[PDB]
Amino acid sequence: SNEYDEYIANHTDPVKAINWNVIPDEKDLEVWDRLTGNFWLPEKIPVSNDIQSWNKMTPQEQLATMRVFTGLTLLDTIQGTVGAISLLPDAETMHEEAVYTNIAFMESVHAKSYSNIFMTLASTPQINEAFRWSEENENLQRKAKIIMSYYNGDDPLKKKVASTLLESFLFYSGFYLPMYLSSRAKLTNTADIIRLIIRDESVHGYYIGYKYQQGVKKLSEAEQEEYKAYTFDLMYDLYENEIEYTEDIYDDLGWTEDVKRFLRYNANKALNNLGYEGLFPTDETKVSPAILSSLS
């Protein structure tokens, strides 16, 4: 009766309802239609049909799979409950805000898909060991916290840089495994879910990077130089950290070198999304065309 009057007193401006009849930035409407139009749930994909394929896999291939997937789940959990949410208050338009609520939900759908996969293919002990592994792995925990430090920070442009690097780069040391297996005719239904997730992250990376460029372009030439420096600096730390994560997951299988090349291919794309030139020369980013197609 009186308790909420101080707030009313300090918020004289009117609260505004979103109006989709007037779109200040056409891109928002484009991404909204694209993202909502691409709605999906893991229950729709017959993961159960990958069982025979999953059982023929070696113990090594299964362990690697459990880990990269648990690592992907961690990233989506963060992005969905902390990342996207951290971008709302810094939006330029109300329709941009609507998009972020769609990104947060889809991230939760991505995270849930991995459990659908586990619960269909893995044993409870395997699942339990994987989540335990993700709680204790230093590289995984380190990339999670570095990203969360920015979301919990107070710089809006830096939140968008971390988000874009998480979306267009950090997931890839993990996306390599299912894409490759898919190219060898293994876990193809599981790959279908992965392709749906990539179709989403691709657009999230591009969109958030777009808002970053719009925001940073409003600063002086000199300030723009410091954000670029900060972006590359963050990429150096994330890349370094991701190289180790990758070695530990893929050394046994012996795929490490191909994953590193894929890491560099995607780092260039993440930087491009942020409006910057790539970091690695093209001849250092060779990816198999069988992996690139099944990617698309």
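Just so we're on the same page, rigid core means the largest C-alpha set that superposes within 1.5 Å between forms. Numbering starts at 1 and follows the sequence shown.
- Once the structures in 5 other deposited structures of this protein are superposed via the core, the pair 204 to 212 and 166 to 174 is resolved in favour of 166 to 174 as the more displaced stretch (C-alpha RMS).
- Averaged over Cα atoms, the B-factor as recorded in the entry is higher for 54 to 62 than for the other of 30 to 38 and 54 to 62.
- Higher mean CA temperature factor, per the PDB entry, when comparing 204 to 212 with 118 to 126: 118 to 126.
- Annotation for 94, 194, 75, 103: 94 ranks highest, by Cα B-factor.
- Residue 142: CA B factor in the middle third of modelled residues in this chain (values from the PDB entry).
- When the CA B factors of the chain's modelled residues are split into thirds, the value for residue 178 lands in the lowest one.
- In this PDB entry, the Cα temperature factor of residue 252 sits in the top third of its chain's modelled residues, the highest group.
- Sort the chain's modelled residues by C-alpha temperature factor and residue 71 lands in the lowest third, per the entry.
- Looking at the C-alpha B-factors along this chain, the one for residue 131 belongs to the middle third.
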